[PDB]
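Heads up: the structure comes next, in structure tokens.
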Amino acid sequence: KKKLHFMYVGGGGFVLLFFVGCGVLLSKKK
């Protein structure tokens, strides 16, 4: 239970967003 929600912050499903955000700032600027 305690490790269930901790697995999310353990670095995985969120790190994915890290790669999704890098392209966001690139789409704005030219």
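Numbering starts fresh at 1 for the residues of each chain in the structure tokens, the chains themselves are lettered A, B, ... in the order given, and ligands are numbered from 1 as they appear.
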Using DSSP secondary structure from the backbone, list all helix (DSSP H, G or I) positions within chain A, as a PyMOL selection string. chain A and resi 2-9+15-28
Take the residues from that selection and write them out as a PDB file, in the first residue's frame, keeping N, CA and C atoms.
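What landed in out.pdb:
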ATOM      1  N   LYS A   2       1.772   1.342   0.967  1.00  0.00           N
ATOM      2  CA  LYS A   2       2.661   2.492   1.083  1.00  0.00           C
ATOM      3  C   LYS A   2       3.635   2.548  -0.090  1.00  0.00           C
ATOM      4  N   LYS A   3       4.023   1.378  -0.590  1.00  0.00           N
ATOM      5  CA  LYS A   3       4.951   1.297  -1.711  1.00  0.00           C
ATOM      6  C   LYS A   3       4.215   1.436  -3.039  1.00  0.00           C
ATOM      7  N   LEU A   4       2.891   1.327  -2.992  1.00  0.00           N
ATOM      8  CA  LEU A   4       2.068   1.438  -4.190  1.00  0.00           C
ATOM      9  C   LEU A   4       2.143   2.847  -4.776  1.00  0.00           C
ATOM     10  N   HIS A   5       1.948   3.848  -3.923  1.00  0.00           N
ATOM     11  CA  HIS A   5       1.990   5.242  -4.356  1.00  0.00           C
ATOM     12  C   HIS A   5       3.429   5.738  -4.469  1.00  0.00           C
ATOM     13  N   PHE A   6       4.333   5.087  -3.744  1.00  0.00           N
ATOM     14  CA  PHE A   6       5.742   5.461  -3.761  1.00  0.00           C
ATOM     15  C   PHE A   6       6.402   5.040  -5.070  1.00  0.00           C
ATOM     16  N   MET A   7       5.861   3.995  -5.691  1.00  0.00           N
ATOM     17  CA  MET A   7       6.397   3.492  -6.952  1.00  0.00           C
ATOM     18  C   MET A   7       6.247   4.535  -8.056  1.00  0.00           C
ATOM     19  N   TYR A   8       5.307   5.457  -7.863  1.00  0.00           N
ATOM     20  CA  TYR A   8       5.057   6.513  -8.835  1.00  0.00           C
ATOM     21  C   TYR A   8       6.126   7.599  -8.743  1.00  0.00           C
ATOM     22  N   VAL A   9       6.561   7.893  -7.521  1.00  0.00           N
ATOM     23  CA  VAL A   9       7.577   8.915  -7.297  1.00  0.00           C
ATOM     24  C   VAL A   9       8.980   8.317  -7.336  1.00  0.00           C
ATOM     25  N   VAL A  15       9.109  10.470 -15.118  1.00  0.00           N
ATOM     26  CA  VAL A  15      10.276  10.765 -15.941  1.00  0.00           C
ATOM     27  C   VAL A  15       9.869  10.820 -17.406  1.00  0.00           C
ATOM     28  N   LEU A  16       8.839  10.052 -17.740  1.00  0.00           N
ATOM     29  CA  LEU A  16       8.307  10.027 -19.092  1.00  0.00           C
ATOM     30  C   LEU A  16       7.894  11.441 -19.492  1.00  0.00           C
ATOM     31  N   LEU A  17       7.257  12.136 -18.555  1.00  0.00           N
ATOM     32  CA  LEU A  17       6.803  13.503 -18.778  1.00  0.00           C
ATOM     33  C   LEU A  17       7.989  14.427 -19.041  1.00  0.00           C
ATOM     34  N   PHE A  18       9.125  14.112 -18.424  1.00  0.00           N
ATOM     35  CA  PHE A  18      10.335  14.911 -18.591  1.00  0.00           C
ATOM     36  C   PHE A  18      10.720  15.000 -20.065  1.00  0.00           C
ATOM     37  N   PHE A  19      10.493  13.914 -20.799  1.00  0.00           N
ATOM     38  CA  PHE A  19      10.807  13.872 -22.224  1.00  0.00           C
ATOM     39  C   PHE A  19       9.694  14.521 -23.044  1.00  0.00           C
ATOM     40  N   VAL A  20       8.505  14.598 -22.455  1.00  0.00           N
ATOM     41  CA  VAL A  20       7.351  15.187 -23.126  1.00  0.00           C
ATOM     42  C   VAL A  20       7.342  16.708 -22.986  1.00  0.00           C
ATOM     43  N   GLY A  21       7.972  17.203 -21.925  1.00  0.00           N
ATOM     44  CA  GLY A  21       8.017  18.636 -21.686  1.00  0.00           C
ATOM     45  C   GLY A  21       9.127  19.335 -22.450  1.00  0.00           C
ATOM     46  N   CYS A  22      10.231  18.629 -22.677  1.00  0.00           N
ATOM     47  CA  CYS A  22      11.367  19.203 -23.397  1.00  0.00           C
ATOM     48  C   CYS A  22      10.962  19.628 -24.805  1.00  0.00           C
ATOM     49  N   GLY A  23       9.985  18.928 -25.375  1.00  0.00           N
ATOM     50  CA  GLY A  23       9.523  19.252 -26.712  1.00  0.00           C
ATOM     51  C   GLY A  23       8.523  20.392 -26.720  1.00  0.00           C
ATOM     52  N   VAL A  24       7.914  20.646 -25.566  1.00  0.00           N
ATOM     53  CA  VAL A  24       6.928  21.713 -25.437  1.00  0.00           C
ATOM     54  C   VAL A  24       7.569  23.083 -25.642  1.00  0.00           C
ATOM     55  N   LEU A  25       8.663  23.331 -24.931  1.00  0.00           N
ATOM     56  CA  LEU A  25       9.369  24.604 -25.031  1.00  0.00           C
ATOM     57  C   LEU A  25       9.981  24.780 -26.417  1.00  0.00           C
ATOM     58  N   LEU A  26      10.217  23.664 -27.101  1.00  0.00           N
ATOM     59  CA  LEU A  26      10.799  23.695 -28.437  1.00  0.00           C
ATOM     60  C   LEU A  26       9.736  24.014 -29.483  1.00  0.00           C
ATOM     61  N   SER A  27       8.483  23.708 -29.159  1.00  0.00           N
ATOM     62  CA  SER A  27       7.373  23.961 -30.072  1.00  0.00           C
ATOM     63  C   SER A  27       6.956  25.429 -30.036  1.00  0.00           C
ATOM     64  N   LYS A  28       7.232  26.091 -28.916  1.00  0.00           N
ATOM     65  CA  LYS A  28       6.885  27.499 -28.755  1.00  0.00           C
ATOM     66  C   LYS A  28       7.903  28.395 -29.453  1.00  0.00           C
TER      67      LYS A  28
END
